[PDB]
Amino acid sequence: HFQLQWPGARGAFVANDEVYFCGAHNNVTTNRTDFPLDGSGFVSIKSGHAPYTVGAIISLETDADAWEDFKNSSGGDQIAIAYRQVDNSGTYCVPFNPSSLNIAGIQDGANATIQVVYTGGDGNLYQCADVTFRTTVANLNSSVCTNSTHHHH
């Protein structure tokens, strides 16, 4: 199981609820995180165990409230972060530039939802972050952006 560190999840973390769409926070939120388009952005999570596979899908719907809202026109998932295996528990953090996705409406002021998709052997698990894309963002605290390492797993 895992928590989003930055950008922050839609609502209160409930481990049991991670099996549901957006961790059972189905409704979009209005307290969105400003997320930079200048290439300084990242996604940071914390996993309780490893190994696991993680990726993220994205919705450019302001009201993203179902799986459909994360699919492209041909009905495939809009992948924001490609799936990979992670071999250490604790913090995992990937740079994320939304400008690098070929998705319409990625621009200053655009609303989106990033859904992290996690598989670590105890189910398919989900958490969502509601963001607003901005050209630049003031005072981005990058201190959560590290990869933990464990000599003995």
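Residue numbers run from 1 along the displayed sequence.
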Could you settle it for me: does 95 to 103 or 30 to 38 have the higher average Cα B factor in the PDB entry?
95 to 103
Avg C-alpha B-factor, entry values, 66 to 74 vs 110 to 118, higher side is 66 to 74
State the tercile, meaning the lowest, middle or highest third, of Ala9 with respect to the CA B-factors recorded for its chain.
lowest
Split the chain's modelled residues into thirds by Cα B-factor; is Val19 in the lowest, middle or highest one?
lowest
For the chain shown, is the CA B-factor of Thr135 in the lowest, middle or highest third of its modelled residues?
middle
Is the Cα B-factor recorded for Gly123 in the lowest, middle or highest third of its chain?
highest
